[PDB]
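> Pasting coords.pdb here (PDB, C-alpha atoms and all ligand atoms):
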ATOM      1  CA  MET A   1     161.477 118.120 212.420
ATOM      2  CA  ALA A   2     161.644 114.997 210.185
ATOM      3  CA  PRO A   3     159.820 114.631 206.844
ATOM      4  CA  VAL A   4     156.342 113.172 206.786
ATOM      5  CA  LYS A   5     155.793 109.532 205.850
ATOM      6  CA  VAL A   6     153.313 108.119 203.346
ATOM      7  CA  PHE A   7     152.612 104.385 203.603
ATOM      8  CA  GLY A   8     151.873 102.590 200.347
ATOM      9  CA  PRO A   9     153.372 102.263 196.862
ATOM     10  CA  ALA A  10     153.496 105.409 194.742
ATOM     11  CA  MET A  11     151.604 103.592 191.965
ATOM     12  CA  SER A  12     148.412 103.293 194.036
ATOM     13  CA  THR A  13     145.971 106.021 192.965
ATOM     14  CA  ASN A  14     145.174 107.322 196.423
ATOM     15  CA  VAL A  15     148.824 107.275 197.482
ATOM     16  CA  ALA A  16     149.736 109.241 194.347
ATOM     17  CA  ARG A  17     147.008 111.738 195.253
ATOM     18  CA  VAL A  18     148.928 112.681 198.421
ATOM     19  CA  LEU A  19     152.308 112.717 196.671
ATOM     20  CA  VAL A  20     150.954 115.249 194.161
ATOM     21  CA  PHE A  21     150.017 117.695 196.901
ATOM     22  CA  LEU A  22     153.301 117.109 198.738
ATOM     23  CA  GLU A  23     155.116 118.034 195.535
ATOM     24  CA  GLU A  24     152.885 121.057 194.921
ATOM     25  CA  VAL A  25     154.043 122.614 198.212
ATOM     26  CA  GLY A  26     157.613 121.345 197.922
ATOM     27  CA  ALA A  27     157.573 119.401 201.195
ATOM     28  CA  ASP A  28     160.068 116.662 201.965
ATOM     29  CA  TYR A  29     158.538 113.221 202.401
ATOM     30  CA  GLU A  30     159.279 109.519 202.615
ATOM     31  CA  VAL A  31     157.327 106.909 200.646
ATOM     32  CA  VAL A  32     157.183 103.620 202.569
ATOM     33  CA  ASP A  33     156.579 100.789 200.108
ATOM     34  CA  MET A  34     154.270  97.942 201.078
ATOM     35  CA  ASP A  35     154.018  94.388 199.780
ATOM     36  CA  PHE A  36     150.467  93.609 198.704
ATOM     37  CA  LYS A  37     151.517  90.033 197.848
ATOM     38  CA  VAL A  38     151.889  89.282 201.557
ATOM     39  CA  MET A  39     148.851  91.516 202.314
ATOM     40  CA  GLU A  40     151.011  93.928 204.308
ATOM     41  CA  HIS A  41     148.153  96.435 204.328
ATOM     42  CA  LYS A  42     146.200  93.922 206.482
ATOM     43  CA  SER A  43     149.027  93.380 208.998
ATOM     44  CA  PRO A  44     148.558  94.325 212.680
ATOM     45  CA  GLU A  45     151.229  97.001 212.256
ATOM     46  CA  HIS A  46     149.436  98.678 209.353
ATOM     47  CA  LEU A  47     145.976  98.353 210.924
ATOM     48  CA  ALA A  48     147.359 100.583 213.688
ATOM     49  CA  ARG A  49     147.941 103.232 210.982
ATOM     50  CA  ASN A  50     144.755 102.687 208.944
ATOM     51  CA  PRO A  51     142.220 100.562 210.852
ATOM     52  CA  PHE A  52     140.379  99.707 207.631
ATOM     53  CA  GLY A  53     143.512  98.096 206.220
ATOM     54  CA  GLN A  54     143.935 100.363 203.190
ATOM     55  CA  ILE A  55     146.600 102.653 201.762
ATOM     56  CA  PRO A  56     147.601 105.414 202.031
ATOM     57  CA  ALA A  57     148.333 105.939 205.664
ATOM     58  CA  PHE A  58     150.359 108.920 206.803
ATOM     59  CA  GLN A  59     152.599 109.921 209.704
ATOM     60  CA  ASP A  60     153.801 113.352 210.805
ATOM     61  CA  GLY A  61     155.599 112.807 214.106
ATOM     62  CA  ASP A  62     153.033 111.341 216.487
ATOM     63  CA  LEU A  63     150.088 112.188 214.209
ATOM     64  CA  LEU A  64     148.700 109.265 212.193
ATOM     65  CA  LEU A  65     146.213 109.965 209.408
ATOM     66  CA  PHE A  66     144.479 108.013 206.690
ATOM     67  CA  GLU A  67     142.028 108.770 203.861
ATOM     68  CA  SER A  68     143.912 110.400 201.010
ATOM     69  CA  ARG A  69     141.884 113.617 200.775
ATOM     70  CA  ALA A  70     142.163 114.233 204.528
ATOM     71  CA  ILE A  71     145.923 113.640 204.408
ATOM     72  CA  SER A  72     146.193 115.947 201.394
ATOM     73  CA  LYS A  73     144.377 118.860 203.031
ATOM     74  CA  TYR A  74     146.562 118.492 206.129
ATOM     75  CA  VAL A  75     149.645 118.722 203.897
ATOM     76  CA  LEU A  76     148.316 121.798 202.089
ATOM     77  CA  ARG A  77     147.531 123.577 205.359
ATOM     78  CA  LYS A  78     150.716 122.601 207.196
ATOM     79  CA  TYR A  79     152.970 123.744 204.347
ATOM     80  CA  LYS A  80     150.791 126.696 203.248
ATOM     81  CA  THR A  81     153.276 128.565 201.066
ATOM     82  CA  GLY A  82     151.750 131.835 199.941
ATOM     83  CA  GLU A  83     153.101 130.942 196.508
ATOM     84  CA  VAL A  84     150.488 128.128 196.340
ATOM     85  CA  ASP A  85     146.843 128.396 197.446
ATOM     86  CA  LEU A  86     144.940 125.309 196.289
ATOM     87  CA  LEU A  87     142.209 125.421 198.956
ATOM     88  CA  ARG A  88     141.300 129.143 198.858
ATOM     89  CA  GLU A  89     140.336 128.982 202.524
ATOM     90  CA  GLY A  90     140.803 132.722 203.025
ATOM     91  CA  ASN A  91     137.959 133.408 200.562
ATOM     92  CA  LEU A  92     134.587 131.922 201.516
ATOM     93  CA  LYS A  93     133.047 131.733 198.047
ATOM     94  CA  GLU A  94     136.217 130.527 196.335
ATOM     95  CA  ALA A  95     136.629 127.826 198.977
ATOM     96  CA  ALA A  96     133.004 126.837 198.387
ATOM     97  CA  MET A  97     133.575 126.441 194.642
ATOM     98  CA  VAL A  98     136.737 124.423 195.299
ATOM     99  CA  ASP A  99     134.687 122.279 197.713
ATOM    100  CA  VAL A 100     131.868 121.752 195.213
ATOM    101  CA  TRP A 101     134.083 120.383 192.480
ATOM    102  CA  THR A 102     136.172 118.325 194.887
ATOM    103  CA  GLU A 103     132.916 116.621 195.923
ATOM    104  CA  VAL A 104     131.968 116.215 192.255
ATOM    105  CA  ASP A 105     135.161 114.236 191.730
ATOM    106  CA  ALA A 106     134.530 112.085 194.792
ATOM    107  CA  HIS A 107     130.864 111.328 194.107
ATOM    108  CA  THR A 108     130.060 111.923 190.435
ATOM    109  CA  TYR A 109     133.148 111.907 188.194
ATOM    110  CA  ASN A 110     135.281 109.283 189.876
ATOM    111  CA  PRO A 111     132.367 106.820 190.346
ATOM    112  CA  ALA A 112     131.807 106.996 186.588
ATOM    113  CA  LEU A 113     135.477 106.805 185.519
ATOM    114  CA  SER A 114     136.993 104.535 188.183
ATOM    115  CA  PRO A 115     135.080 101.369 187.104
ATOM    116  CA  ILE A 116     136.630 101.608 183.647
ATOM    117  CA  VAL A 117     140.109 101.737 185.205
ATOM    118  CA  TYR A 118     139.263  98.761 187.443
ATOM    119  CA  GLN A 119     137.771  96.668 184.660
ATOM    120  CA  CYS A 120     140.372  97.482 181.984
ATOM    121  CA  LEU A 121     143.576  97.810 184.073
ATOM    122  CA  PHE A 122     143.451  96.777 187.756
ATOM    123  CA  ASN A 123     141.297  93.642 187.469
ATOM    124  CA  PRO A 124     143.141  91.850 184.604
ATOM    125  CA  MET A 125     146.706  92.892 185.445
ATOM    126  CA  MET A 126     146.699  93.118 189.240
ATOM    127  CA  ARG A 127     144.017  90.593 190.231
ATOM    128  CA  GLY A 128     144.039  88.270 187.210
ATOM    129  CA  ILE A 129     140.295  88.851 186.701
ATOM    130  CA  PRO A 130     139.104  89.437 183.107
ATOM    131  CA  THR A 131     137.397  92.622 181.988
ATOM    132  CA  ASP A 132     133.619  92.770 182.381
ATOM    133  CA  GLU A 133     132.767  94.685 179.211
ATOM    134  CA  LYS A 134     129.164  95.280 180.300
ATOM    135  CA  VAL A 135     130.355  97.141 183.411
ATOM    136  CA  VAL A 136     132.659  99.091 181.086
ATOM    137  CA  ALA A 137     129.860  99.911 178.636
ATOM    138  CA  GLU A 138     127.503 101.071 181.382
ATOM    139  CA  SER A 139     130.221 103.175 183.034
ATOM    140  CA  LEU A 140     131.265 104.791 179.754
ATOM    141  CA  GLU A 141     127.737 106.029 179.095
ATOM    142  CA  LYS A 142     127.636 107.589 182.559
ATOM    143  CA  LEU A 143     131.099 109.118 182.093
ATOM    144  CA  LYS A 144     130.147 110.675 178.748
ATOM    145  CA  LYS A 145     127.223 112.435 180.441
ATOM    146  CA  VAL A 146     129.554 113.701 183.177
ATOM    147  CA  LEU A 147     132.040 114.886 180.565
ATOM    148  CA  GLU A 148     129.320 116.868 178.768
ATOM    149  CA  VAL A 149     128.869 118.836 182.008
ATOM    150  CA  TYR A 150     132.631 119.289 182.439
ATOM    151  CA  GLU A 151     132.894 120.467 178.838
ATOM    152  CA  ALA A 152     130.308 123.186 179.463
ATOM    153  CA  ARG A 153     131.934 124.162 182.775
ATOM    154  CA  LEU A 154     135.451 124.321 181.311
ATOM    155  CA  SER A 155     134.141 126.436 178.430
ATOM    156  CA  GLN A 156     133.531 129.239 180.941
ATOM    157  CA  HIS A 157     136.599 128.817 183.175
ATOM    158  CA  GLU A 158     140.067 127.399 182.669
ATOM    159  CA  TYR A 159     139.658 125.289 185.837
ATOM    160  CA  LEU A 160     136.751 123.750 187.696
ATOM    161  CA  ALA A 161     136.357 126.269 190.540
ATOM    162  CA  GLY A 162     137.107 129.348 188.415
ATOM    163  CA  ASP A 163     140.119 131.041 186.832
ATOM    164  CA  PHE A 164     142.619 129.293 189.121
ATOM    165  CA  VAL A 165     143.893 125.765 189.575
ATOM    166  CA  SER A 166     142.697 124.259 192.839
ATOM    167  CA  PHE A 167     142.358 121.136 194.991
ATOM    168  CA  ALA A 168     139.304 120.252 192.891
ATOM    169  CA  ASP A 169     141.266 119.962 189.625
ATOM    170  CA  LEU A 170     144.270 118.065 190.977
ATOM    171  CA  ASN A 171     142.119 115.451 192.749
ATOM    172  CA  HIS A 172     141.117 114.341 189.226
ATOM    173  CA  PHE A 173     144.692 113.336 188.328
ATOM    174  CA  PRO A 174     145.418 109.853 189.768
ATOM    175  CA  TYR A 175     142.473 107.883 188.407
ATOM    176  CA  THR A 176     142.236 109.834 185.132
ATOM    177  CA  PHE A 177     145.953 109.237 184.598
ATOM    178  CA  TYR A 178     145.290 105.480 184.584
ATOM    179  CA  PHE A 179     142.158 105.899 182.453
ATOM    180  CA  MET A 180     144.523 107.289 179.792
ATOM    181  CA  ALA A 181     146.147 103.835 179.762
ATOM    182  CA  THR A 182     142.884 102.027 178.979
ATOM    183  CA  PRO A 183     141.428 101.353 175.516
ATOM    184  CA  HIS A 184     139.181 104.392 176.100
ATOM    185  CA  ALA A 185     141.910 107.037 176.381
ATOM    186  CA  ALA A 186     140.756 108.784 173.208
ATOM    187  CA  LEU A 187     137.436 109.697 174.914
ATOM    188  CA  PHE A 188     138.646 113.101 176.100
ATOM    189  CA  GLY A 189     139.462 114.256 172.579
ATOM    190  CA  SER A 190     135.730 114.526 171.888
ATOM    191  CA  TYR A 191     135.474 117.184 174.642
ATOM    192  CA  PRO A 192     138.034 119.812 173.585
ATOM    193  CA  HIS A 193     137.753 122.011 176.696
ATOM    194  CA  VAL A 194     138.060 118.949 178.938
ATOM    195  CA  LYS A 195     141.088 117.704 177.012
ATOM    196  CA  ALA A 196     142.773 121.109 177.256
ATOM    197  CA  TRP A 197     142.106 121.225 180.996
ATOM    198  CA  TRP A 198     143.596 117.740 181.312
ATOM    199  CA  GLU A 199     146.705 118.830 179.397
ATOM    200  CA  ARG A 200     147.124 121.833 181.680
ATOM    201  CA  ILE A 201     147.033 119.431 184.648
ATOM    202  CA  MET A 202     149.554 117.102 182.982
ATOM    203  CA  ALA A 203     151.852 120.053 182.287
ATOM    204  CA  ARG A 204     152.327 120.790 185.998
ATOM    205  CA  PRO A 205     155.818 119.946 187.326
ATOM    206  CA  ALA A 206     154.380 118.160 190.369
ATOM    207  CA  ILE A 207     152.040 116.142 188.135
ATOM    208  CA  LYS A 208     154.857 115.293 185.719
ATOM    209  CA  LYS A 209     156.989 114.076 188.602
ATOM    210  CA  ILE A 210     154.441 111.792 190.265
ATOM    211  CA  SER A 211     153.084 110.326 187.032
ATOM    212  CA  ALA A 212     156.656 109.244 186.215
ATOM    213  CA  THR A 213     156.808 107.295 189.484
ATOM    214  CA  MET A 214     153.484 105.552 188.834
ATOM    215  CA  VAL A 215     154.641 104.358 185.339
ATOM    216  CA  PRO A 216     151.841 102.642 183.363
ATOM    217  CA  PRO A 217     152.622 100.133 180.593
ATOM    218  CA  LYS A 218     153.950 103.198 178.708
ATOM    219  CA  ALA A 219     152.411 106.640 179.373
ATOM    220  CA  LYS A 220     149.092 106.915 177.502
ATOM    221  CA  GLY A 221     148.442 103.197 177.108
ATOM    222  CA  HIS A 222     147.329 102.324 173.582
TER     223      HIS A 222
HETATM  224  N1  LIG A 301     138.957 106.471 200.453
HETATM  225  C1  LIG A 301     140.279 105.880 200.596
HETATM  226  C2  LIG A 301     140.388 104.737 199.580
HETATM  227  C3  LIG A 301     141.781 104.121 199.697
HETATM  228  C4  LIG A 301     141.893 102.840 198.890
HETATM  229  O1  LIG A 301     140.974 102.417 198.257
HETATM  230  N2  LIG A 301     143.155 102.141 198.902
HETATM  231  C5  LIG A 301     143.246 100.918 198.132
HETATM  232  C6  LIG A 301     144.403 101.030 197.135
HETATM  233  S1  LIG A 301     143.998 102.334 195.915
HETATM  234  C7  LIG A 301     142.590 101.766 194.917
HETATM  235  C8  LIG A 301     142.993 100.478 194.203
HETATM  236  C9  LIG A 301     142.343  99.291 194.506
HETATM  237  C10 LIG A 301     142.703  98.116 193.863
HETATM  238  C11 LIG A 301     143.712  98.127 192.911
HETATM  239  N3  LIG A 301     144.096  96.891 192.234
HETATM  240  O2  LIG A 301     145.023  96.895 191.514
HETATM  241  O3  LIG A 301     143.376  95.700 192.440
HETATM  242  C12 LIG A 301     144.363  99.317 192.612
HETATM  243  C13 LIG A 301     144.005 100.494 193.255
HETATM  244  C14 LIG A 301     143.477  99.765 199.096
HETATM  245  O4  LIG A 301     144.242  99.852 200.006
HETATM  246  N4  LIG A 301     142.731  98.545 198.911
HETATM  247  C15 LIG A 301     142.957  97.444 199.826
HETATM  248  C16 LIG A 301     141.653  97.041 200.506
HETATM  249  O5  LIG A 301     140.684  97.848 200.563
HETATM  250  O6  LIG A 301     141.549  95.892 201.018
HETATM  251  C17 LIG A 301     141.345 106.956 200.342
HETATM  252  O7  LIG A 301     141.161 107.841 199.462
HETATM  253  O8  LIG A 301     142.414 106.971 201.008
HETATM  254 NA    NA A 302     140.207  98.548 196.902
HETATM  255 NA    NA A 303     145.507 126.470 200.193
HETATM  256 NA    NA A 304     126.064 112.088 190.028
END
What does this structure look like when you write it as structure tokens?

Amino acid sequence: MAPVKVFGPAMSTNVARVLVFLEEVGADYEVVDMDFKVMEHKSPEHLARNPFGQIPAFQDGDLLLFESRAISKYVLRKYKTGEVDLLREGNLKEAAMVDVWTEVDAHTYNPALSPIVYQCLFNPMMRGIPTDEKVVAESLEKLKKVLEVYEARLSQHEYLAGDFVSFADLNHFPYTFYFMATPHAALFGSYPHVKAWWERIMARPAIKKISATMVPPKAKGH
């Protein structure tokens, strides 16, 4: 039957996103590393997997996929356990709530948090480009407003879609993980329900496993 293949280094946020869901359902998989220093993601071979020249790409037999959230939902459906139901697709209103807060991550939370990761981590280390502190300052003020909403939401439920962990919650892991390595990692402590939610996510065996393969400078970067 052959395990599925993920193309891209495990440290890349959107690769890690897929690996988390693979681990949640206990599926075998192969991580195919790629050399960004020779721009392997822009090679003719990889463009045939992801025509926009990005990672992850994904292969299951003759099926090629890209876009991390699409890959992840395919994994969750293919390996649907019964022991794990992260999409709630058998329940219309639960699936809707999972969908809402998955979209919130994609279009409200991650656009506020991701720039801080880029400016404080990716740009200086990976690209040799210094931190633009005005982008950081503007993004932090937006993130704080987002976190005020999350704090209220997570005061009523343990997770974002209700009293169950879901696709919505776990999609928050890869970029927030790296945020915890920036100078702004203490931010969450001002939002106690958000911090507790985050710690529940970090306690998950699948999350523990993948975060160990991403390895920051050292865990919660000081
Ligand atoms: N929507 C897509 C986004 C995928 C994506 O952005 N992949 C990035 C790597 S993860 C995000 C990321 C970007 C940059 C760094 N960095 O260190 O400079 C780290 C992580 C990529 O391949 N970029 C190459 C390109 O677009 O040309 C998905 O979720 O799959
Ligand atoms: Na990019
Ligand atoms: Na599911
Ligand atoms: Na918004």
> Could you list, as a ChimeraX atom specification, every residue within 10 Å of residue 16 in chain A, counting all atoms listed in the file and ignoring same-chain residues fewer than 4 positions away?
/A:6,8-12,20-22,56,68,171,173-175,207,210-211,213-214
> Within 12 Å of residue 47 in chain A, counting only C-alpha atoms, which residues qualify if same-chain residues fewer than 6 places away don't, as a ChimeraX atom specification?
/A:7,39-41,53-57,64-66
> Sort by chain and increasing residue number a table of all residues of chain A within 12 Å of ligand NA 304 (chain A), each with its closest pair of atoms and their distance in Å to one decimal, counting only C-alpha atoms and all ligand atoms, and write it as CSV.

residue,atom,partner,partner_atom,distance
A:101,CA,A:NA304,NA,11.8
A:103,CA,A:NA304,NA,10.1
A:104,CA,A:NA304,NA,7.5
A:105,CA,A:NA304,NA,9.5
A:106,CA,A:NA304,NA,9.7
A:107,CA,A:NA304,NA,6.3
A:108,CA,A:NA304,NA,4.0
A:109,CA,A:NA304,NA,7.3
A:110,CA,A:NA304,NA,9.6
A:111,CA,A:NA304,NA,8.2
A:112,CA,A:NA304,NA,8.4
A:113,CA,A:NA304,NA,11.7
A:142,CA,A:NA304,NA,8.9
A:143,CA,A:NA304,NA,9.9
A:145,CA,A:NA304,NA,9.7
A:146,CA,A:NA304,NA,7.9
A:147,CA,A:NA304,NA,11.5
A:149,CA,A:NA304,NA,10.9
> Using the chain letters and residue numbers of this document, give as a list in words the residues selected by the PyMOL selection byres (((chain A and resi 198) around 9) and not hetatm).
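Applying the PyMOL selection byres (((chain A and resi 198) around 9) and not hetatm) to the structure shown produces residues 169, 172, 173, 176, 188, 193, 194, 195, 196, 197, 199, 200, 201, 202 and 203 of chain A.
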> So that I can check the surroundings of residue 121 in chain A, please list as a PDB file with C-alpha atoms, keeping the file's coordinate frame every protein, DNA and RNA residue that reaches within 9 Å of it, counting only C-alpha atoms and ignoring chain neighbours fewer than 3 positions away.

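See out-v1.pdb below for the written result:
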ATOM      1  CA  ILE A 116     136.630 101.608 183.647  1.00  0.00           C
ATOM      2  CA  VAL A 117     140.109 101.737 185.205  1.00  0.00           C
ATOM      3  CA  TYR A 118     139.263  98.761 187.443  1.00  0.00           C
ATOM      4  CA  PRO A 124     143.141  91.850 184.604  1.00  0.00           C
ATOM      5  CA  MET A 125     146.706  92.892 185.445  1.00  0.00           C
ATOM      6  CA  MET A 126     146.699  93.118 189.240  1.00  0.00           C
ATOM      7  CA  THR A 131     137.397  92.622 181.988  1.00  0.00           C
ATOM      8  CA  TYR A 178     145.290 105.480 184.584  1.00  0.00           C
ATOM      9  CA  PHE A 179     142.158 105.899 182.453  1.00  0.00           C
ATOM     10  CA  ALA A 181     146.147 103.835 179.762  1.00  0.00           C
ATOM     11  CA  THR A 182     142.884 102.027 178.979  1.00  0.00           C
TER      12      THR A 182
END
> Which value, in Å to one decimal, gives the distance between atom NA of ligand NA 302 (chain A) and CA of residue 60 in chain A?
24.4 Å
> Which protein, DNA or RNA residues are at most 12 Å from (151.4, 122.2, 204.8) in the file's coordinates when you count only C-alpha atoms, listed as a list in words?
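Here the neighbourhood of the point contains residues 3, 4, 18, 21, 22, 23, 24, 25, 26, 27, 28, 29, 60, 71, 72, 73, 74, 75, 76, 77, 78, 79, 80, 81, 82, 84, 85, 86 and 87 of chain A.
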> Go through A:62, A:99, A:133, A:33 and flag the residue nearest residue 161 in chain A, using only C-alpha atoms for the distances.
A:99
> Pick the closest to ligand NA 303 (chain A) from A:43, A:139, A:166, A:13: which is it, counting all atoms listed in the file?
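Closest candidate: A:166.
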> With 5 Å added on each side, what axis-aligned box encloses every listed atom of ligand LIG 301 (chain A)? Give the centre and edge lengths in Å to one decimal, as lines of an AutoDock Vina configuration file.

center_x = 142.0
center_y = 101.8
center_z = 196.3
size_x = 16.1
size_y = 22.1
size_z = 19.5
